[PDB]
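Q: Just passing along the structure, written as structure tokens.
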Amino acid sequence: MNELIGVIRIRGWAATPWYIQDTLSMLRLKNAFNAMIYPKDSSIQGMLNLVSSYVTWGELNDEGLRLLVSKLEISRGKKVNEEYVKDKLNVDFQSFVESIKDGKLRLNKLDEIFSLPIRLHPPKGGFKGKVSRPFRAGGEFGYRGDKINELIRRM
Amino acid sequence: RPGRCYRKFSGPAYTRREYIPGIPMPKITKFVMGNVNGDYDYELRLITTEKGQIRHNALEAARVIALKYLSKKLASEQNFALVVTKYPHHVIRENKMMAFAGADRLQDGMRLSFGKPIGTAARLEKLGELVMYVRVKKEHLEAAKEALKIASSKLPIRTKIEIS
Amino acid sequence: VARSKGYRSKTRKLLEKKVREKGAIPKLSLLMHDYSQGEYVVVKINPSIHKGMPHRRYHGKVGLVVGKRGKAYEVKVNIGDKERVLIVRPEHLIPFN
RNA sequence: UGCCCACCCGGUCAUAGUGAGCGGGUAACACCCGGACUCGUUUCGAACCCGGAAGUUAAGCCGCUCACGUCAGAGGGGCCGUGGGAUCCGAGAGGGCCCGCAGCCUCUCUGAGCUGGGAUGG
RNA sequence: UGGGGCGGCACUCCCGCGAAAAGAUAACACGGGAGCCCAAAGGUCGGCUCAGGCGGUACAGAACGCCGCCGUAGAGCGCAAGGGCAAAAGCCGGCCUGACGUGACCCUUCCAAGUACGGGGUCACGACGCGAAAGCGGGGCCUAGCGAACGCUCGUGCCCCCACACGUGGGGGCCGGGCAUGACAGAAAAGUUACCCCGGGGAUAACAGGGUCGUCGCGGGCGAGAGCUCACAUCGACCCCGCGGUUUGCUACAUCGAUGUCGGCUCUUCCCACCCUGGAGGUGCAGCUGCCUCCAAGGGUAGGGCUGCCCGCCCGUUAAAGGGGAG
RNA sequence: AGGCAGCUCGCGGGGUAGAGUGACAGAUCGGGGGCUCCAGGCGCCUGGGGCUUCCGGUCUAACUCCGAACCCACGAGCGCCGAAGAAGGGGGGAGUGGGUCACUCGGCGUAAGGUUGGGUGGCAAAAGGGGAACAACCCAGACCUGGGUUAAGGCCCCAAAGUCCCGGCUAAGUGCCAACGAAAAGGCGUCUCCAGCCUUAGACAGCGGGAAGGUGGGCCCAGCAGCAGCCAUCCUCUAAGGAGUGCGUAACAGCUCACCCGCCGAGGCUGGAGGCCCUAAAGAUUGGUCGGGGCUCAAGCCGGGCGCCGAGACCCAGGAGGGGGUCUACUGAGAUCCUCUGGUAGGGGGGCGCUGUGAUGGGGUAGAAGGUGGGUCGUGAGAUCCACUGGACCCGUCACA
RNA sequence: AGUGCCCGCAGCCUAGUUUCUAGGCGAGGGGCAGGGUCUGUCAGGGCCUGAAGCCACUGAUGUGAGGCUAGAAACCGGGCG
RNA sequence: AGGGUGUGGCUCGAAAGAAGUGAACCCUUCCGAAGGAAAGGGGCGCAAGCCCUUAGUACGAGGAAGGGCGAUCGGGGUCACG
């Protein structure tokens, strides 16, 4: 159990039950191939259990986190007056970490607090890399331990 | 009416006599045969496999066939005892109205199609429940094997035997 | 077959009381404490007492003390997206938490 | 001193109960004395009501022991569910499996009255 | 309304079950009730505690009474059910009439999310009644026992009655009560039309597909029994498990601006659960005649009488005079 | 300036699944003990009748001493939307009251592409890919063009990619089928796995002998001389034998059965379960299959695995439009930023055409109008143009009808 | 009858503008009020009251007129067979 | 069956469209989105292949420059096959 957790959605947004369709919406997972980071807690645990059959989640590593963040683009940015700017440097931080953060003026120091929705890329070589059905428990949908880190590294 | 008509479950149980008038008398009347309290050694029982309901009509026939096979074997009071476990607590109901009223332009069809009591069944709810069993000594288990097995030939559901 | 909308309809065990507490009203200790505005209460109908019996539709819920009239209290409860007031004698009220 | 020991006023409403055995009272509590007046018995001072108060721990009360009832703890045994998912098995009935939860009965052993407010007794 | 009619009321309100531990939740689902009754079966106060069982006493008795012991409801509480109830809501006495007038808020009716009644709850003002009192009493221990407009009638203190005022009579209004509508959220209401007609309806009947298989035919399992002995040569009782969609039962998915309805005639084809013809076998097969199993659909499988048929009965031959499909 | 479609924590509610019946209400099977009455037989015994107690078992939609998962209330917390795009209040205009199916938990009914309920999902109004075609099955929500990567599925050919790998099994074309297509039984037919019993102190099987006798004891029985109807049973005995199994026989006799020896040197035997396969297993609609082709150390199945193809889902690039946050214009035109992008009933925003009226910098006409064909503009609605034909009247702009 | 309390938007003022719910003013608005009226014997209960509508064009919808279009058996009057 | 669609073949092309102030067609150089190789090397796995390297390199949808060539293309009709 570590604080830094993440999730990737692989299912679409049709045929999505009323229970869950808004949850990912409440989890800002509007549509598949998206991610963000959360502080782990029992309160978060409920959603992942309830949305397990639609997503994949687990504990990040340093390698994944650095790779994950490096993707924020012209329309994939922090809540910096909306605009989803392309981070691309501390420059966007340097002029805009002075709003909610304190002391985080280094690109490396984003290991604590919050983020926004990010638009992912398809997993390389097929999400069905060794699997064929996306619906095996313990292998496909839900919690995958550290292995989520390599799974996102493929992304 | 064929035995396939009531094999599965169609709805809840049906038990309260005071709420369900006019139950036809079950065929089975005697449930224990042989010298109970007699000394027995082999302790073989009978086990079912899948769920369902068993009509008493077959059971009573199963009761008779078991007795004759044992009765001819050694005796009826000899070192053996047959006891059937279950009782026909469950009651079946059938819309017989399509027989009488089904040919005179009366309220035919599914109209008022609640069932009517014509038979009873011994309900099965657990996987592998006792149905009958027989107690013998060491020297007659071989005759007891088919003795249960021949009875099982008439039961609607697949059955299992054991030795104890 | 539509069911009658009797004020106690479909209550075969809703008003059944565990045998360990039958008889006349035991819990005098609960009643004696008094409520004021803003208090939060839980409704638990006593089937024994025939006075001021709240309808079953609002049983086992969270209530708010908004005032007092006579020997009884009135209680605000949200059921759907509306508001309602239940004027009840205190002998079906237990403090929350 | 003290505090608990009963009592009156209680809360908890059986783990606090019931039944039997035994122990404790010169205070407290009853038993117990007697009814003219109060009141009262579709007869009775039985009971109630009043006036009392010798005796007395046998009742009750109280404590303890043992039984059963009863709450739990553990053990043994009995019995067995349900949410979440799959172009999984099975024709179906049904069942396994991965994700979350259990409880149910019955025997054995072990405990089993707590507590607020005031006038006696130590 | 599982076409319509007949059937019944599931058409008014209530209990449980249905109904799946919030609420709501269908059935021409099941088991049932009401269109009242009570001046005491109502209010209060007071007193006693039931059904049942045990022991002893004349008549005396299982059960009339009486004296003791046990009895956690197993009685009783008006009416169906459910629930609730033991110094009581039960039983017995005392006094009473709150089963109160007026004006309120609220619950159910009627979830969430509109609303007539009815029932019920909580009140204030006033006076009552009970008890010493606290207090309890606007009916029945709680959940069924009920009716809008309009018009009529009743009680109520006034109000109004005219193009001038006034007088008397007579009218009109309020506010509440009664007079009803059970098809019970309220028209005043009998049958046939096969002489029918009209606009429609596959939201829907009849023939004809599809689904299904209670029935029907067939199959298999098992085997009480009969056969001289011997269950399985042949017959197989009680039961059990399967198939076909040949009739017959339901289904209303398709067809109502038409898919023209029984039989029969002719004519074609199919299928095999084989009637015969071919092959093989068993037999309680001396041979013939038998009886039965299996394979085998190539071919054949008539002619008459009665009946419109189908079915059915029968005539005389033949190898027999198989049975079904193809809208 | 809070709001709440989710979750967590805290704090409450519950009688359903289940379970129990000595905890009520009922249902229901037996035995034991005692008491009581009757019938029979010789005070006793037997059978039957009633009562009690003890012990055991079988069920409950209208039974519940108990009782989950679970669902719900409220507070707090998390999380999300919010002054770019706003809890509440008011107002204009509707259609909608016949649903269906799939999955899942019911009821009715056996059943049903039946009906009637709870929840979810499509579809209706949802294209695109697979399932052969397809309303509903799975993937997945189509501003457009283009590039790339991927999903559900599939990968011998039709047809894009694997005649891809390991191990094992199937002989029927069983099969090559998610939504769909065979029961009980029989099979040592085959392929793997649990028990139990004998085995080098010689296992099973196999091959010859001893395989026996008083005695064929026998009872009734002509004789049953095991085996006509009931049945016992000793040593001559030992590396071996029964007073003895099935054939038998009128009765025998006899052949065998049971046991040891001689060879024999590998397992053998009996209950158990499973996979695949065979019978069970029969319909024609007219004609033969898994889609076919066709496939048998598989192009099948099982255990697994490895690598790829595959859409409009996702990424990117370019263009477009809506909505929302700066400039000019006698009233529409520009710049910039964010963002949104299936579609009936319905509502709303804006735009072209036809004919007439007023005007109108205005204009156009014997070379108009119209027709035919063809360029060019515009998403389109349409506009607009060139050759010819025609032979006398016709447009642009604004506003209006 | 038409007023009196309070929260509080935009804007304004104040100094910081630290960049500003920091505070006042606070239209509008909201909540408690109050008042007029009938009714109730008081609480109450019903209604009205915080100063803006009218007119004209176009538009939409309801209602009544044939009433988007078309579609019947019917009945009646008066004539003609 | 028909239509749109790709490749072509053959046909009409006066103007109205491009175009000699350069169409169409060839090269050469450059930039480069996401995405994304291979031979060789070494190792591992029975195998089927993967792992680091070669490398986000060659490559690439799109866009820029130069050159050489020299007049039809765009467009209409039909037909072949996908």
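Q: What's the number of the condition A:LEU60 fails, among (1) more than 18 Å from A:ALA32 (Cα to Cα); (2) without any contact (Cβ under 8 Å) to a residue 60 or more places away in the chain?
A: Failed condition: (2).
Q: Still on this model: Looking at the structure I just gave you, is A:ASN149 surrounded by fewer than 16 Cβ atoms within 10 Å (Cβ to Cβ) and at negative phi?
A: No: the conditions fail for A:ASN149.
Q: Say we look at the stretch A:133-143 and pick out the residues that are over 14 Å from the mean Cα position of the chain (by Cα) and not hydrophobic (A, V, I, L, M, F, W, C); which of these is farthest from the other protein chains (Cβ to nearest Cβ)?
A: Ranking the candidates gives A:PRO134 first.
Q: Can you name the residue in the stretch A:4-46 that is of a type in the set (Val, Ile, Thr) and not in a helix (DSSP H, G or I) and is also farthest from A:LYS78 (Cα to Cα) among such residues?
A: If we take residues in the stretch A:4-46 being of a type in the set (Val, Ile, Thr) and not in a helix (DSSP H, G or I), then A:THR16 is farthest from A:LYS78 (Cα to Cα).
Q: What single numbered condition from (1) within 16 Å of RNA strand D (Cβ to nearest atom); (2) of a type outside the set (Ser, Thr, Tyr); (3) in contact (Cβ under 8 Å) with a residue 12 or more places away in the chain fails to hold for A:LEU89?
A: It fails just one condition, (1).
Q: Sort out which residues of the stretch B:68-114 are assigned to a helix (DSSP H, G or I), farther than 30 Å from B:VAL136 by Cα and within 8 Å of RNA strand E (Cβ to nearest atom), and write them in order of number.
A: Correct list: B:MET98, B:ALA99, B:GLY102, B:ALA103.
Q: Name every residue in the stretch C:2-43 that is assigned to a helix (DSSP H, G or I), within 19 Å of C:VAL75 (Cβ to Cβ) and within 15 Å of RNA strand F (Cβ to nearest atom), in order of residue number.
A: Scanning the stretch C:2-43 gives a single hit, C:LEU30.
Q: Looking for whichever is more than 6 Å from RNA strand E (Cβ to nearest atom) and either more than 14 Å from chain B (Cβ to nearest Cβ) or without any contact (Cβ under 8 Å) to a residue 24 or more places away in the chain (or both) here; the options are C:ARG89, C:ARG20. Which one fits?
A: Within the list C:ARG89, C:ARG20, the selection yields C:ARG20.
Q: Report the residue count in the stretch B:64-114 for those that are without any contact (Cβ under 8 Å) to a residue 40 or more places away in the chain, away from chain C (no Cβ under 14 Å) and not hydroxyl-bearing (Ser, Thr, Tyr).
A: Residues flagged as without any contact (Cβ under 8 Å) to a residue 40 or more places away in the chain, away from chain C (no Cβ under 14 Å) and not hydroxyl-bearing (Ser, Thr, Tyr) within the stretch B:64-114 amount to 22.
Q: State whether the residues of the stretch B:5-21 include one that is crowded, with 16+ Cβ neighbours inside 10 Å, in a helix (DSSP H, G or I) and of a type outside the set (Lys, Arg).
A: For the stretch B:5-21, residues crowded, with 16+ Cβ neighbours inside 10 Å, in a helix (DSSP H, G or I) and of a type outside the set (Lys, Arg): present.
Q: Starting from the stretch B:115-137, take each residue that is farther than 20 Å from B:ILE150 by Cα and assigned to a strand (DSSP E or B) and list its partners that are within 14 Å of RNA strand D (Cβ to nearest atom) and among the small types (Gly, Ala, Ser), counting only C-beta distances under 7 angstrom and pairs at least six apart or across chains.
A: Within 7 Å, the pairs are B:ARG123/B:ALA13; B:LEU124/B:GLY52.
Q: Next up: Which of the residues spanning the stretch A:99-155 are within 15 Å of RNA strand F (Cβ to nearest atom) and in a helix (DSSP H, G or I)?
A: A:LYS147, A:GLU150, A:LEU151, A:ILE152, A:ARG153
Q: Can you pull out the residues in the stretch B:2-24 that are more than 16 Å from RNA strand D (Cβ to nearest atom) and either within 13 Å of B:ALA121 (Cα to Cα) or within 16 Å of the chain's Cα centre (by Cα) (or both)?
A: B:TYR14, B:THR15, B:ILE23, B:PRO24
No Cβ is skipped: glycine too gets one built from the backbone with ideal geometry, and neighbour counts run over all protein chains shown. Bear in mind these aren't lab numbers, they're just calculated from the coordinates by the rules spelled out.
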